[PDB]
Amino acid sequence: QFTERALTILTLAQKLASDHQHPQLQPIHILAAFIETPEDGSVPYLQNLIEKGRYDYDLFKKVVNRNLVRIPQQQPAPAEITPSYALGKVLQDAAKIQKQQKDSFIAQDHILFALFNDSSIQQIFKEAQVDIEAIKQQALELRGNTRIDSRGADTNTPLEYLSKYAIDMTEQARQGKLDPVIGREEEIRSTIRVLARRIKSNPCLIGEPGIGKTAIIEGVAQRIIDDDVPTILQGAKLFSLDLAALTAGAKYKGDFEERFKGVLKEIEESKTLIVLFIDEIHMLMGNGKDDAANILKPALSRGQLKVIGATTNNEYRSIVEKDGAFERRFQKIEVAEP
């Protein structure tokens, strides 16, 4: 059985073949599936690998597409897509590779490596001036010692869940999408000092929801980019948790928790510091909601999760009363009306 992501690649591969007028599914359709631009703004598994190796990805897409239109299109298109000879070899090759790595499932990793054995794929790569061997090293670099023992272990990038369910504010500040903050110099400076602490290094902005707490977070993100922060915060990423994105699409039981776990995992296992801002932390922390709290609280206790919280005075006092460990983990910062 394939992974969730690998199955998606295969499904999209034949979907592309169906979009075109090709009767047979070929290896190039899988390659085209890998470079397919997702609508969720995620970074495709193969895109990351190619542009991580300092290769030209735009050129690569052009070659693949010009090779996908090069093959004849059947005007009397039949309602049946049978796998070609080359494809069958690839799929079988992917099963061999996953068994050699003692993986539990056939991931997009194995499929990619199987494509590298195909003649047409190799010719495409050589035509796109992209060295397959260098790409192989990237994939090995990405996965590392991580075994595919689950149907969702073959994540595309180390920031897949963060890119889907959170907003990179540091990137937004760098891209010039954030308006400059005015009159919050003290709150901004206080939030930064706390983040740079050793003990109780998690800021929690306290105030009425009718105030601009997110402005402070934007200010902090801008300071980080300009290196106007202590050395420990330099080069850090500041993400804002998007609760709306988390629940959107989550139609099954346990779907929310899986997405939340995926986000926290990418943060805790990140080589570079990542700060997570949670606008309504009491909706995920307070005694009223212990479902998502059983995910966030253990993560915070492991000490590899730096979080900027935001809540009201009444709600803050509520979480404190229910759990006295919150006071030792979070440093309250009052935000008043300017």
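When you see a residue number, it is the position in the sequence shown, counting from 1.
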Looking only at C-alpha temperature factors in the entry, 71-79 or 93-101, the higher average sits in 71-79
Quick one: higher average CA temperature factor, 175-183 or 207-215? 207-215
Among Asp109, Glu141, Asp149, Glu160, the highest C-alpha B-factor in the PDB entry belongs to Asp149
Specify which of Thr272, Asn287, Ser301, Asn48 carries the largest Cα B factor in the deposited PDB entry. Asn287
Tell me, lowest, middle or highest third: where does the Cα B factor of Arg66 rank within its chain? highest
In terms of the chain's CA B-factor thirds, is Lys15 lowest, middle or highest? highest
Comparing against every modelled residue in the chain, figure out the third that the C-alpha B-factor of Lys253 lands in (lowest, middle or highest). highest
When the deposited Cα B-factors of this chain's modelled residues are ordered and cut into thirds, is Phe125 in the lowest, the middle or the highest one? middle
Would you please rank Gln331 by its C-alpha temperature factor against the other modelled residues of its chain and give the third it falls in: lowest, middle or highest? lowest
